[PDB]
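Student: Here it is, the structure, as structure tokens.
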Amino acid sequence: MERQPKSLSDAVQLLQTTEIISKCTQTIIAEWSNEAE
Amino acid sequence: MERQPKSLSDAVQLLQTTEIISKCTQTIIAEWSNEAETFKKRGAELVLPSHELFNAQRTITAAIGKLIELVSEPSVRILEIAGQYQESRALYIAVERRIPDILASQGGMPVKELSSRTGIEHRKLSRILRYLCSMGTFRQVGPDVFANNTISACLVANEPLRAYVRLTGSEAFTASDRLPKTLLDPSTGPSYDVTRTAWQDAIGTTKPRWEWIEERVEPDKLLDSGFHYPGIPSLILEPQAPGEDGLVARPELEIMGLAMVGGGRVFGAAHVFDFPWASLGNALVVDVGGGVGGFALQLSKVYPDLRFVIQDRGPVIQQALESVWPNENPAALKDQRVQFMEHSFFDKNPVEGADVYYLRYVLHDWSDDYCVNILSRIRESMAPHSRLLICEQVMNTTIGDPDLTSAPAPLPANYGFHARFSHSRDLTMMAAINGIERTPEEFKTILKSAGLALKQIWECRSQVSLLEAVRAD
Amino acid sequence: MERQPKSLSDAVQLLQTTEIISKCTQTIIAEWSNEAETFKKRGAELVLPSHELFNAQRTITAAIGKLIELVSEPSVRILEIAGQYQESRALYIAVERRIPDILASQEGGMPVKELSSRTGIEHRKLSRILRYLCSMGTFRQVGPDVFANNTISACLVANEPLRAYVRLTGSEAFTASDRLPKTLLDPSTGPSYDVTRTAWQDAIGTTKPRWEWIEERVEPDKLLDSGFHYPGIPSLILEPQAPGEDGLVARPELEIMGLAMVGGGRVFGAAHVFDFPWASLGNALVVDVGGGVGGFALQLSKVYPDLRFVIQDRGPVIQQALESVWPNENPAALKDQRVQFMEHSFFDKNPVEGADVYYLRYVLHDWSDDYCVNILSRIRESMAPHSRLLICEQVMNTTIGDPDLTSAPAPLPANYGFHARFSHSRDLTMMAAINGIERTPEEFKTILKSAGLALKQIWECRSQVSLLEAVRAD
Ligand SMILES: Nc1ncnc2c1ncn2[C@@H]1O[C@H](CSCC[C@H](N)C(=O)O)[C@@H](O)[C@H]1O
Ligand SMILES: Nc1ncnc2c1ncn2[C@@H]1O[C@H](CSCC[C@H](N)C(=O)O)[C@@H](O)[C@H]1O
Ligand SMILES: Cc1cc(O)c2c(c1)C(=O)c1cc(O)cc(O)c1C2=O
Ligand SMILES: Cc1cc(O)c2c(c1)C(=O)c1cc(O)cc(O)c1C2=O
């Protein structure tokens, strides 16, 4: 089995989901602080 | 002249502009990836960008243009514009000798063997192709060894497109060279006459150039028949073949007929999809001044219920039947879906009450007097349910137009650089036939003098738009 | 022709170059603010970008080019390039009728009808010429057919050397370009590198190097169409010159060329005044071979007060330097004999022996290689052991880099692509007019070693034009 080159879509979604992960982190931190209060 | 300090506003807009480019890149790659998934499943994908992608290309080009204006040294930038015509020539030279087609025939090709198959000398031809490579056309892969790149690839097996380059680089160039002198001479300067243009000054003739292309000339006189116009450059090595009457047609006639196919498929492809043609049922469109009918070709593939008649001058209708439609849709000629008519659109429209009269890149070839007559002869044959669609640049400016959508600030409302092609063609029409590319208000007045009202402007995935016209009734 | 899918690598470099564009923006605004700080307190400020600002503009221009190559629809981009010569015409027409100067006379803008009356262009046509330029960032539209200068066209106000350069590119050079395809394919013109068989001789229909055609005295009725296929300077139809004492008129192109190289020298040749250690020479003699009117002695004289100059060119060019250019831009330098002029043909032995520096700017590129090694051999025969010959020319790089020139970062073209567009435009001007050649380092080495000279250093400067420093192989 040989390794395959990654596609344009693989790159674009890895960017999009990383950006989703990063937006979710800010929400989670905000709501941890609301929850704690 | 001394250098000036830049202002706060230069910096703030340079930032705002840079952030716009950065948002556009994220949109562009997102829509490249939706394109990839749609290309794979398989329509419109293969002819033109998505709406979201088209707005991103148009906006980022507008931002590119404004970034150059804000970061450049003014004088550097003035002298770059002043000499940038040599890149038009370099491309013309490379495209004239079918260099795209040649490199696609092979890891790259040595320039010495590129010289052999073009007739251009190898040391000089290196410098034309590294000009192009430095500007993103073609690639250099080795020591004076060259290949097609992502941009030049679109010319391989593309005679309609190659013809368009050849048209812009042959007659239009000499008309352009003599266009300053024509604008200032007190006699030619004010004129809007089709026969007193920079082009006539170049050719040493008085006849409208639609008929100069159609002259039949003998071989010993032909290569310098253009006077100050050098002529198609390839004739020196590729003499034209005499026809059955012993005369040769002039190369520019076959080029122009095919050029408007090429040009129509680049900026006129949008109109095949962002107007509801399917909703007309089985309709008949009359392509007045249709040339070879390149746009009937673009529409015929997609809406099988439409029927056509192409109206133009004998020789192009002729070239359409004997070399173009045989090889581009022989089935349309067997089914009588397309009928042809040698016709001068200065005469009453021979086909009455048709669904659509299509008139594209016909009004921009004439000043206002000629346009009002052609528009009335079309309408003299329209029924009240008939629709006239003209496909032309509806020119906006850097400060916007009430009836056209403006770009975001700080960008020019007309998207600046995105419209560079419309302005290049504006000066071609001024140089060759005293034509005019028109603003919405300038279109409105010439339609009310012909007894038509502007029903809607169709903004599409092109700088070129559609004007739909009614009868004043 | 169908539209192709974009590849992973296209996306990745479009991101990479966008991030380069974004970093260059932060460098540029930082250095705009340091530049501002240099302007208020007051030098080099008024002539040159700082090193940091120049590297950001060059980088950011290179990235611009590659972003356009990556985001454009290929056929759209092919036809935009194909027609981009019309923007050259628009700028030429505008500058030839001194529209920058007319708009600076008000600046709330000027109605185009009143602009039309002062240019000779018809107002509705002149509207389309100015909106072409406005969409492309030259001039501004401020109202319905009301126009004004912008930050780019402003540098043309009261700038005759720069206007002269625009005029030179749009006059003889344009028609020479038009005939350059037919010249390249004809089997007789195609291979020659002779100064007398170019597209330009074909346009004018003459058999003389172009240097002396511009120096003719023509009869008043013969001058406007004296250019044959070349239409001539457009303004002559409206501003005829009165015959002089011999009943003849000069060709406008002579003085346009003289001032154009002053203008061009101040845009692209300004770097060489500051990125070469001239002050370390002390009180030295620079001989400006082919110095033209002496535009480069003008730039150096203001800054290094201890250098002495002699400007060498053709008689008529010298006299323009002495009668109109230097009287009006540095009269003290002549009255002190700091600058001397000398009518000289650089195909002969140079009369000046043992000078410190022989400056030769934009001369080697006007001739093919045989003439060039003759011109360098002429100087060499006259150099002292401590003498330095400085060639100021484009030292051409390529999109794939050169061992002796610094390459742009990846993913950019190694020669910074768009940043070098002017150098390539002039490369084709040299082919069309003089059969000249803009040259790579390897091609310069071959003619320097044929002339008995050695290249000691390449000077990369805040310009796409550089300096080649040569001594004799001794
Ligand atoms: N008097 C006339 N009668 C008919 N057709 C004419 C004409 N004068 C010019 N034409 C045609 O008008 C066309 C203008 S170019 C437009 C071609 C076509 N509409 C397209 O977009 O592909 C040319 O093909 C030319 O042959
Ligand atoms: N045979 C010759 N002998 C001397 N100078 C010559 C010459 N033929 C051309 N020239 C000069 O060579 C110069 C080329 S343009 C360079 C001008 C100057 N070095 C500058 O950069 O401003 C022109 O000024 C022209 O007058
Ligand atoms: C010399 C010359 C004469 C013309 O009539 C045209 C052109 C050039 C031309 O380039 C052109 C381009 C185009 O997209 C549409 C046109 O109708 C045209 C033209 O009509
Ligand atoms: C028609 C023509 C003839 C020339 O000899 C030159 C030019 C044009 C020209 O544009 C030019 C520009 C420049 O920056 C330096 C030059 O030596 C030049 C030229 O020498």
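In the structure tokens, chains take the letters A, B, ... in the order shown, each chain's residues start at 1, and ligands count up from 1 in the order shown.
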Please check the contacts: residues of chain A at most 10 Å away from chain C, using only C-alpha atoms, listed as a short mmCIF file (atom, residue, chain, number, x, y, z; two decimals) with N, CA, C and O atoms, in the first residue's frame.
Tutor:
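Resulting contents of out18.cif:
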```cif
data_model
loop_
_atom_site.label_atom_id
_atom_site.label_comp_id
_atom_site.auth_asym_id
_atom_site.auth_seq_id
_atom_site.Cartn_x
_atom_site.Cartn_y
_atom_site.Cartn_z
N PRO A 5 -1.13 11.20 -2.19
CA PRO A 5 -1.11 12.66 -2.01
C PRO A 5 -2.44 13.14 -1.49
O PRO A 5 -3.49 12.59 -1.82
N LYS A 6 -2.40 14.17 -0.65
CA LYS A 6 -3.64 14.74 -0.13
C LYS A 6 -4.26 15.68 -1.16
O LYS A 6 -3.57 16.32 -1.95
N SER A 7 -5.58 15.76 -1.12
CA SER A 7 -6.34 16.54 -2.07
C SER A 7 -6.52 17.98 -1.59
O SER A 7 -6.27 18.31 -0.43
N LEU A 8 -6.96 18.83 -2.51
CA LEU A 8 -7.37 20.18 -2.13
C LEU A 8 -8.44 20.15 -1.05
O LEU A 8 -8.37 20.91 -0.08
N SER A 9 -9.42 19.25 -1.16
CA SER A 9 -10.49 19.22 -0.17
C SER A 9 -9.96 18.85 1.21
O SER A 9 -10.40 19.42 2.21
N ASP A 10 -9.02 17.92 1.28
CA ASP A 10 -8.47 17.58 2.58
C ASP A 10 -7.88 18.82 3.25
O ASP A 10 -8.12 19.07 4.43
N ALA A 11 -7.13 19.63 2.48
CA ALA A 11 -6.53 20.83 3.05
C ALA A 11 -7.59 21.82 3.49
O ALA A 11 -7.52 22.39 4.59
N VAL A 12 -8.58 22.06 2.62
CA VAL A 12 -9.54 23.10 2.92
C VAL A 12 -10.36 22.71 4.14
O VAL A 12 -10.55 23.53 5.04
#
```
Student: Can you pull out every residue within 9 Å of residue 204 in chain B, counting only C-alpha atoms, but drop anything in the same chain fewer than 5 positions away, and send it as a PDB file with C-alpha atoms, in the first residue's frame?
Tutor:
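Saved the output as selection24.pdb:
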```pdb
ATOM      1  CA  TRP B 199      -7.830  52.694 -38.150  1.00  0.00           C
ATOM      2  CA  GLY B 226      -2.111  47.325 -44.690  1.00  0.00           C
ATOM      3  CA  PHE B 227       0.105  50.357 -45.305  1.00  0.00           C
ATOM      4  CA  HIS B 228       1.141  51.349 -41.782  1.00  0.00           C
TER       5      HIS B 228
END
```
Student: Could the residues of chain B within 7 Å of chain A, counting only C-alpha atoms, be given as a VMD selection string, please?
Tutor: chain B and resid 29 to 30 33
Student: Could you work out which residues of chain C fall inside 6 Å of chain B? Count only C-alpha atoms, and format the result as an MDAnalysis selection string.
Tutor: chainID C and resid 2:3 5 11 29 36 46 69 74 80:83 85:86 88 93 120:122 132 135:137 152 181:182 184:185 191 229 234 399 417:418 422 424:425
Student: If you count only C-alpha atoms, which residues fall within 10 Å of residue 431 in chain C, apart from same-chain ones fewer than 5 positions away, as a tab-separated table (two decimals) with N, CA and C atoms, in the first residue's frame?
Tutor:
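Output file result_31.tsv follows:
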```tsv
chain	number	residue	atom	x	y	z
B	124	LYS	N	16.71	35.70	-28.80
B	124	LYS	CA	15.67	36.71	-28.65
B	124	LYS	C	14.42	36.09	-28.08
B	127	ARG	N	14.08	35.89	-24.47
B	127	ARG	CA	13.71	37.09	-23.74
B	127	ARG	C	12.21	37.39	-23.85
C	176	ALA	N	7.85	50.91	-33.18
C	176	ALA	CA	8.87	49.87	-33.26
C	176	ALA	C	8.35	48.55	-32.68
C	177	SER	N	7.64	48.61	-31.55
C	177	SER	CA	7.04	47.41	-30.98
C	177	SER	C	6.02	46.80	-31.95
C	180	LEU	N	7.61	44.71	-34.44
C	180	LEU	CA	8.64	43.81	-33.99
C	180	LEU	C	8.30	42.36	-34.32
C	184	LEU	N	10.85	39.90	-36.42
C	184	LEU	CA	11.40	38.67	-35.83
C	184	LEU	C	11.26	37.46	-36.74
C	193	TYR	N	21.68	40.87	-35.45
C	193	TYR	CA	21.82	41.75	-34.30
C	193	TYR	C	22.41	43.11	-34.66
C	195	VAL	N	22.63	47.06	-35.55
C	195	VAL	CA	21.96	48.26	-35.07
C	195	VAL	C	21.12	48.94	-36.15
C	198	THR	N	16.46	46.88	-37.43
C	198	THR	CA	15.55	46.62	-36.34
C	198	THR	C	14.13	46.89	-36.81
C	199	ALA	N	13.17	46.56	-35.95
C	199	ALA	CA	11.80	46.98	-36.23
C	199	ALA	C	11.72	48.49	-36.42
C	200	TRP	N	12.57	49.25	-35.72
C	200	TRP	CA	12.52	50.72	-35.77
C	200	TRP	C	12.89	51.27	-37.15
C	365	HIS	N	23.36	48.24	-22.91
C	365	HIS	CA	22.13	47.59	-23.33
C	365	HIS	C	21.58	48.12	-24.64
C	366	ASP	N	22.17	49.16	-25.23
C	366	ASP	CA	21.72	49.69	-26.52
C	366	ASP	C	22.40	49.05	-27.70
C	367	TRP	N	23.26	48.06	-27.48
C	367	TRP	CA	24.05	47.48	-28.54
C	367	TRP	C	24.20	45.99	-28.31
C	368	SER	N	24.27	45.24	-29.41
C	368	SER	CA	24.55	43.82	-29.30
C	368	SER	C	26.03	43.64	-28.97
C	426	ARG	N	11.71	47.11	-21.08
C	426	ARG	CA	12.83	47.77	-21.74
C	426	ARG	C	13.66	46.78	-22.54
C	436	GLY	N	19.55	46.09	-29.10
C	436	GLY	CA	20.28	45.93	-27.88
C	436	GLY	C	19.82	44.69	-27.14
C	437	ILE	N	20.41	44.49	-25.98
C	437	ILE	CA	20.11	43.35	-25.16
C	437	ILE	C	20.30	43.66	-23.70
C	438	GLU	N	19.27	43.38	-22.90
C	438	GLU	CA	19.38	43.41	-21.44
C	438	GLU	C	20.02	42.09	-21.09
```
Student: May I ask for the distance between CA of residue 377 in chain C and CA of residue 341 in chain C, given in Å to one decimal place?
Tutor: 21.6 Å
Student: Please identify all protein, DNA and RNA residues within 7 Å of ligand 4, counting only C-alpha atoms and all ligand atoms, and report them as a short mmCIF file (atom, residue, chain, number, x, y, z; two decimals) with N, CA, C and O atoms, in the first residue's frame.
Tutor:
```
data_model
loop_
_atom_site.label_atom_id
_atom_site.label_comp_id
_atom_site.auth_asym_id
_atom_site.auth_seq_id
_atom_site.Cartn_x
_atom_site.Cartn_y
_atom_site.Cartn_z
N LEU C 168 8.83 59.23 -24.53
CA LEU C 168 9.72 58.39 -25.32
C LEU C 168 9.16 56.97 -25.42
O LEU C 168 9.21 56.35 -26.49
N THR C 169 8.57 56.46 -24.34
CA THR C 169 8.05 55.10 -24.44
C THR C 169 6.85 55.04 -25.37
O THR C 169 6.65 54.02 -26.03
N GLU C 172 8.39 56.70 -30.48
CA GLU C 172 9.13 55.83 -31.38
C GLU C 172 9.02 54.38 -30.96
O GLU C 172 8.88 53.48 -31.80
N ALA C 173 9.14 54.13 -29.65
CA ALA C 173 9.15 52.77 -29.13
C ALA C 173 7.86 52.03 -29.46
O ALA C 173 7.88 50.81 -29.69
N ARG C 210 19.56 54.83 -35.05
CA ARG C 210 18.51 55.74 -34.62
C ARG C 210 19.07 56.96 -33.91
O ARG C 210 18.39 57.98 -33.85
N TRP C 211 20.33 56.91 -33.46
CA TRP C 211 20.89 58.05 -32.74
C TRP C 211 21.00 59.30 -33.60
O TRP C 211 20.87 60.42 -33.08
N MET C 261 16.25 60.48 -20.14
CA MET C 261 17.23 59.74 -19.36
C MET C 261 17.58 60.41 -18.03
O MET C 261 17.95 59.71 -17.08
N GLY C 264 14.30 59.06 -16.28
CA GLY C 264 14.47 57.65 -15.97
C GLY C 264 15.59 57.40 -14.97
O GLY C 264 15.48 56.53 -14.11
N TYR C 362 23.17 52.51 -18.82
CA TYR C 362 22.21 52.38 -19.91
C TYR C 362 22.83 52.63 -21.28
O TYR C 362 22.16 53.14 -22.17
N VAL C 363 24.11 52.28 -21.47
CA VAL C 363 24.73 52.31 -22.79
C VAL C 363 24.98 50.91 -23.33
O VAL C 363 24.77 50.65 -24.52
N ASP C 366 22.17 49.16 -25.23
CA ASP C 366 21.72 49.69 -26.52
C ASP C 366 22.40 49.05 -27.70
O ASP C 366 22.11 49.43 -28.84
N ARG C 426 11.71 47.11 -21.08
CA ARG C 426 12.83 47.77 -21.74
C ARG C 426 13.66 46.78 -22.54
O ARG C 426 14.32 47.17 -23.50
N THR C 429 12.01 46.94 -25.80
CA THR C 429 12.34 48.21 -26.44
C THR C 429 13.73 48.17 -27.05
O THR C 429 13.94 48.64 -28.18
N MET C 430 14.70 47.59 -26.33
CA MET C 430 16.05 47.48 -26.87
C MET C 430 16.10 46.58 -28.10
O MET C 430 16.87 46.83 -29.02
N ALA C 433 14.38 48.65 -31.18
CA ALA C 433 14.96 49.89 -31.62
C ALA C 433 16.40 49.78 -31.98
O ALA C 433 16.83 50.37 -32.93
N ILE C 434 17.18 49.11 -31.15
CA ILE C 434 18.62 49.17 -31.30
C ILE C 434 19.22 47.78 -31.35
O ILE C 434 20.44 47.62 -31.43
#
```
Student: Enumerate residues in contact with ligand 2: an atom-to-atom distance of at most 10 Å, counting only C-alpha atoms and all ligand atoms. Format the result as a PyMOL selection string.
Tutor: chain C and resi 209-212+254+257-266+268-269+288-298+311-318+342-348+359-367+375+391-393
Student: Which residues form the shell of 8 Å around ligand 1 when you count only C-alpha atoms and all ligand atoms, given as a PyMOL selection string?
Tutor: chain B and resi 210+256-257+259-261+263-264+268+287-295+311-313+316+342-346+358-362+365
Student: Report the residues of chain A whose backbone DSSP state falls under helix (DSSP H, G or I), written as a VMD selection string.
Tutor: chain A and resid 8 to 36
Student: Near residue 271 in chain B, counting only C-alpha atoms, which residues have an atom at most 10 Å away, once you skip same-chain residues fewer than 4 positions from it, shown as JSON, numbers by chain?
Tutor: {"B": [264, 265, 267, 275, 276, 277, 295, 298, 299, 391, 458, 459, 460, 461, 462, 464, 465, 466]}
Student: Would you save the residues of that selection, restricted to C-alpha atoms, as a PDB file, in the first residue's frame?
Tutor:
```pdb
ATOM      1  CA  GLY B 264     -17.904  35.295 -26.476  1.00  0.00           C
ATOM      2  CA  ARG B 265     -16.908  32.201 -24.479  1.00  0.00           C
ATOM      3  CA  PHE B 267     -16.912  37.155 -21.088  1.00  0.00           C
ATOM      4  CA  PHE B 275     -30.912  34.581 -17.751  1.00  0.00           C
ATOM      5  CA  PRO B 276     -33.958  32.194 -17.658  1.00  0.00           C
ATOM      6  CA  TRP B 277     -33.776  30.850 -21.246  1.00  0.00           C
ATOM      7  CA  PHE B 295     -23.217  32.454 -29.081  1.00  0.00           C
ATOM      8  CA  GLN B 298     -22.903  28.390 -26.580  1.00  0.00           C
ATOM      9  CA  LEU B 299     -26.676  28.312 -26.085  1.00  0.00           C
ATOM     10  CA  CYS B 391     -25.074  41.834 -24.374  1.00  0.00           C
ATOM     11  CA  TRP B 458     -29.070  41.845 -15.734  1.00  0.00           C
ATOM     12  CA  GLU B 459     -25.952  41.765 -13.577  1.00  0.00           C
ATOM     13  CA  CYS B 460     -24.139  38.495 -14.276  1.00  0.00           C
ATOM     14  CA  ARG B 461     -20.916  36.590 -13.608  1.00  0.00           C
ATOM     15  CA  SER B 462     -19.204  38.860 -16.116  1.00  0.00           C
ATOM     16  CA  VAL B 464     -20.522  42.290 -19.569  1.00  0.00           C
ATOM     17  CA  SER B 465     -24.198  42.519 -18.668  1.00  0.00           C
ATOM     18  CA  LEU B 466     -27.567  42.089 -20.365  1.00  0.00           C
TER      19      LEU B 466
END
```
Student: CA of residue 429 in chain B to CA of residue 203 in chain C: how many Å, to one decimal?
Tutor: 24.4 Å
Student: Find the spatial neighbours of residue 148 in chain B, counting only C-alpha atoms, within a cut-off of 8 Å - ignore same-chain residues fewer than 6 positions away - and output them as a VMD selection string.
Tutor: chain B and resid 100 103 to 104 108 137 to 139
Student: If we count only C-alpha atoms, what is near residue 141 in chain C at a cut-off of 9 Å, once residues fewer than 6 positions away on the same chain are taken out, given as a ChimeraX atom specification?
Tutor: /B:397-399 /C:109,130-131,134,147-149
